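Inspection log for the structure reproduced underneath, given as structure tokens.
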Amino acid sequence: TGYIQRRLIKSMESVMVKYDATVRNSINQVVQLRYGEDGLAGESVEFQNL
DNA sequence: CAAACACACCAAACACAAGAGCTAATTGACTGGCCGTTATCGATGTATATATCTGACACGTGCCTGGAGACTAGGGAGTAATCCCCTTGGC
Numbered sequence: 857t858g859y860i861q862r863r864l865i866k867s868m869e870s871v872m873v874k875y876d877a878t879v880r881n882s883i884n885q886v887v888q889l890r891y892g893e894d895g896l897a898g899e900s901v902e903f904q905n906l
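So the first sequence is numbered by the entry's author numbering: it starts at 857 and just counts up by one.
See the structure below:
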């Protein structure tokens with residue numbers, strides 16, 4: 857499992873959310889126009905019903 | 001017939017194998033040639049110890065010269081009487 861976790865971490869170690877509110881990597885290539893397709897931190901999110 | 005690319009196959013390598021944390025003990029190069037120091041073997045003595053021969057001193061034996069002993073031969077030195085020459089003595 858450790859080798860898997862290492863390989864995963866090294867492949868996305870530089871992706872981040874720039875102040876333009878978009879997700880890019882070191883090469884400034886846009887990966888997502890908004891973080892998680894919504895632009896919200898995963899901390900303050902709760903399950904709900906429609 | 002020769003050249004283009006594609007596919008299947010064979011043959012050759014690359015890199016990875018979680019995070020680490022503690023403790024112990026096995027390995028401590030080696031023949032050989034050669035130079036450089038030094039220990040040893042060897043000669044060439046001069047100093048000291050010992051042996052042979054020569055020289056001076058000592059004790060001892062000796063050959064030689066002169067001296068000494070017993071005994072002898074026979075005569076030199078020497079009593080006892082005598083004469084009377086000559087000396088001392090005298091007026």
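Ideal Cβ positions, reconstructed from N, Cα and C, are used throughout, including at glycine.
Residue i and residue j closer than 7 Å at C-beta
i, j, result
"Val-879", "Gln-885", "no"
Enclosing beta strand (DSSP E) for residue i [first to last residue]
i, result
"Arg-880", "878 to 880"
"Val-886", "886 to 888"
"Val-871", "Careful: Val-871 lies outside any beta strand (DSSP E) and carries neither H nor E."
Separation of residue j from residue i, as counted between CA atoms
i, j, result
"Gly-895", "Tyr-859", "30 Å"
"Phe-903", "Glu-893", "17 Å"
"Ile-865", "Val-901", "24 Å"
Best match in the options for proximity to residue i [C-alpha to C-alpha]
i, options, result
"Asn-881", "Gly-892, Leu-906 and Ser-867", "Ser-867"
"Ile-883", "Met-872, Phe-903 and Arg-890", "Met-872"
"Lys-874", "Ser-900, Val-901, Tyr-891 and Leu-906", "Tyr-891"
"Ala-897", "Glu-869, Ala-877 and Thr-857", "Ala-877"
Endpoints, the alpha helix (DSSP H) within which residue i is located
i, result
"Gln-861", "858 to 867"
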